[PDB]
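Structure, as structure tokens:
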Amino acid sequence: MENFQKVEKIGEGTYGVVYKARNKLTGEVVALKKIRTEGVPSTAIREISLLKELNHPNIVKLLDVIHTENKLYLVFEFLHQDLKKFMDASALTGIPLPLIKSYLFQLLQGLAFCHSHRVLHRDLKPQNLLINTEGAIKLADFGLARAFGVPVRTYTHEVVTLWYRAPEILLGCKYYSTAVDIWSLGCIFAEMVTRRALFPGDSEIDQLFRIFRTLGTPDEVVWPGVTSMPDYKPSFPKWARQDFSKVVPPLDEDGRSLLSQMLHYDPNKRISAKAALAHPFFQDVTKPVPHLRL
Ligand SMILES: Nc1nc(Nc2ccccc2)sc1C(=O)c1cccnc1
């Protein structure tokens with residue numbers, strides 16, 4: 001736009017493109033997300049405009065929403081790096097546990113806030129978590145919900161990452177609960193610790209079976225109602241559960257205990273963000289500053 005002197009492209013989310021841009025008059029640097037559509041509906045702005053009144057230190061601030069010309073531009077405060085890039089940069093040495101703990105704690109604070117205000121993220125992944133030089137981490141790109149996963153991709157031809165998707169979604173549940181966000185965050189937590197994605201599936205069934213191979217194929221005992229799920233098949237292979245000592249070494253018992261509660265199959269048994277903040281794992285939490293190379 002003529003209002004922004006687009007600096008550079010910084011991403012390709014799942015609904016459009018994200019640019020780093022400067023407000024020619026204010027001189028502010030922001031992240032400008034363009035969204036794709038027979039004139040772009042208006043039943044979205046209502047829930048979008050809501051996200052705008054959702055301010056928390058661990059949530060990327062949505063500054064402006066502009067529909068004009070039937071295109072929809074989202075203007076967010078700009079952060080210099082995402083967690084995916086930081087994880088990659090920290091691959092050889094690993095993110096120090098104290099920083100891993102700080103980030104997890106802040107993200108749970110952010111989710112606790114969203115959830116208490118009936119807002120679900122729905123698509124948490126490293127690329128959607130932003131960090132700054134001050135040690136903060138913030139939730140971004142709330143998948144804007146749109147329709148709980150609809151359409152399905154950006155707008156042209158991109159391969160959506162399934163690695164952080166909760167089992168109930170993969171089994172066809174039509175109504176997501178706040179529990180889906182805790183699952184994704186648990187997966188991210190594991191990844192920061194081991195430096196390898198926990199469940200790197202390449203298709204919906206491979207994603208589901210990677211989960212089953214590690215946590216055991218769910219049954220009515222651990223997940224009441226699972227065999228009645230839309231996409232559940234009695235023909236699913238029956239895998240035995242593995243121990244967390246083997247899944248996220250060398251994370252300590254407090255860490256493993258918290259992770260196990262974030263990864264419970266039954267959405268109803270999965271720990272809430274609020275309850276997770278009280279877990280003994282955070283007894284000694286602090287706020288370290290990351291070594292950010294910008
Ligand atoms: N505010 C913000 N800053 C960002 N900064 C940034 C800096 C360096 C590399 C990549 C992103 S991204 C970003 C976003 O609101 C966002 C993120 C992911 C999908 N859609 C929108």
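Chain identifiers are assigned as A, B, and so on, following the order in which chains appear in the structure tokens; residues are numbered from 1 within each chain, and ligands are numbered from 1 in order of appearance.
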
Residues near stretch 204-219 of chain A, cut-off 6 Å, only C-alpha atoms, skip fewer than 4 positions along chain, as a PyMOL selection string: chain A and resi 199+223+238-242

Selection to disk with C-alpha atoms, as a JSON list (two decimals), in the first residue's frame:
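Okay, selection_24.json is ready:
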[["chain", "number", "residue", "atom", "x", "y", "z"],
["A", 199, "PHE", "CA", 5.57, -35.97, 16.25],
["A", 223, "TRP", "CA", -10.00, -41.86, 26.53],
["A", 238, "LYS", "CA", -2.66, -51.24, 18.70],
["A", 239, "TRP", "CA", 0.68, -49.86, 19.88],
["A", 240, "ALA", "CA", 1.93, -49.99, 23.48],
["A", 241, "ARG", "CA", 2.79, -46.73, 25.26],
["A", 242, "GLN", "CA", 6.44, -45.66, 25.66]]

Residues within 7 Å of ligand 1 should be enumerated using only C-alpha atoms and all ligand atoms and returned as a list in words. residues 10, 11, 12, 13, 18, 30, 31, 33, 60, 76, 77, 78, 79, 80, 81, 82, 127, 128, 130, 140 and 141 of chain A

Polymer residues at most 8 Å from residue A:178, only C-alpha atoms, same-chain spacing of 4 or more positions, as a VMD selection string: chain A and resid 115 120 182 272

Identify, on the basis of only C-alpha atoms, every residue whose closest approach to stretch 275-283 of chain A does not exceed 8 Å; exclude the query and any residue fewer than 4 positions from it along the same chain; express the result as a PyMOL selection string. chain A and resi 101+105+108-109+254-255+258+271

Convert the current residue selection to file output with C-alpha atoms, as a tab-separated table (two decimals), in the first residue's frame.
chain	number	residue	atom	x	y	z
A	101	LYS	CA	11.12	-22.73	31.18
A	105	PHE	CA	5.62	-20.15	31.47
A	108	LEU	CA	0.89	-20.61	29.34
A	109	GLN	CA	0.16	-17.14	30.79
A	254	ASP	CA	9.04	-32.11	37.12
A	255	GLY	CA	9.32	-31.28	33.43
A	258	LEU	CA	4.03	-31.46	33.38
A	271	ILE	CA	-4.21	-29.91	32.11

Counting only C-alpha atoms, which of A:234, A:249, A:222, A:168 gets nearest to residue A:198? A:249

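For the pair atom CA of residue A:35 and atom CA of residue A:151, the separation is 12.5 Å.
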
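Among A:117, A:233, A:122, A:269, the residue with the shortest atom-to-atom distance to residue A:54, counting only C-alpha atoms, is A:117.
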
7 Å contact set for residue A:32, only C-alpha atoms, chain neighbours under 5 positions out, as a compact mmCIF listing (two decimals) with C-alpha atoms, in the first residue's frame:
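Listing of selection.txt after writing:
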# COMPACT_ATOMS: atom_id res chain seq x y z
CA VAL A 18 3.33 -11.27 6.14
CA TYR A 19 5.50 -8.22 5.47
CA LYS A 20 7.79 -6.04 7.55
CA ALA A 21 6.66 -2.49 6.77
CA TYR A 73 -4.94 -6.20 6.05
CA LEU A 74 -3.89 -6.98 9.60
CA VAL A 75 -1.34 -4.67 11.22
CA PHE A 76 0.57 -6.19 14.13

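Around residue A:71, within 10 Å and counting only C-alpha atoms, the residues found are residues 34, 35, 36, 37, 39, 40, 41, 66, 67 and 68 of chain A, once anything fewer than 3 positions away on its own chain is removed.
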
What is the distance between atom CA of residue A:106 and atom CA of residue A:135, in Å to one decimal? 9.9 Å

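In this model, the gap between atom CA of residue A:129 and atom CA of residue A:245 comes to 26.9 Å.
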
Any idea what's packed within 12 Å of residue A:93, counting only C-alpha atoms, ignoring anything in its chain fewer than 2 positions away? Could you give it as a short mmCIF file (atom, residue, chain, number, x, y, z; two decimals) with C-alpha atoms, in the first residue's frame?
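Written out: out.cif:
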data_model
loop_
_atom_site.label_atom_id
_atom_site.label_comp_id
_atom_site.auth_asym_id
_atom_site.auth_seq_id
_atom_site.Cartn_x
_atom_site.Cartn_y
_atom_site.Cartn_z
CA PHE A 86 15.64 -19.34 17.25
CA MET A 87 15.31 -23.12 17.76
CA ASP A 88 17.25 -23.70 14.53
CA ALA A 89 19.94 -21.23 15.59
CA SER A 90 20.17 -23.02 18.96
CA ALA A 91 20.31 -26.53 17.44
CA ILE A 95 18.20 -23.52 24.41
CA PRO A 96 19.20 -23.30 28.10
CA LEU A 97 16.58 -24.95 30.33
CA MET A 192 12.71 -27.11 22.67
CA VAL A 193 14.09 -29.71 25.06
CA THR A 194 15.15 -32.44 22.63
CA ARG A 195 15.85 -30.30 19.57
CA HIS A 291 21.25 -14.64 22.77
#

Please identify the strand (DSSP E or B) residues within stretch 45-242 of chain A (assignment by DSSP from backbone atoms) and present them as a list in words. residues 59, 62, 63, 64, 65, 66, 73, 74, 75, 76, 77, 81, 82, 129, 130, 131, 137, 138 and 139 of chain A

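Considering the residues A:171, A:180, A:136, A:104 and counting only C-alpha atoms, residue A:148 has its shortest atom-to-atom contact with A:180.
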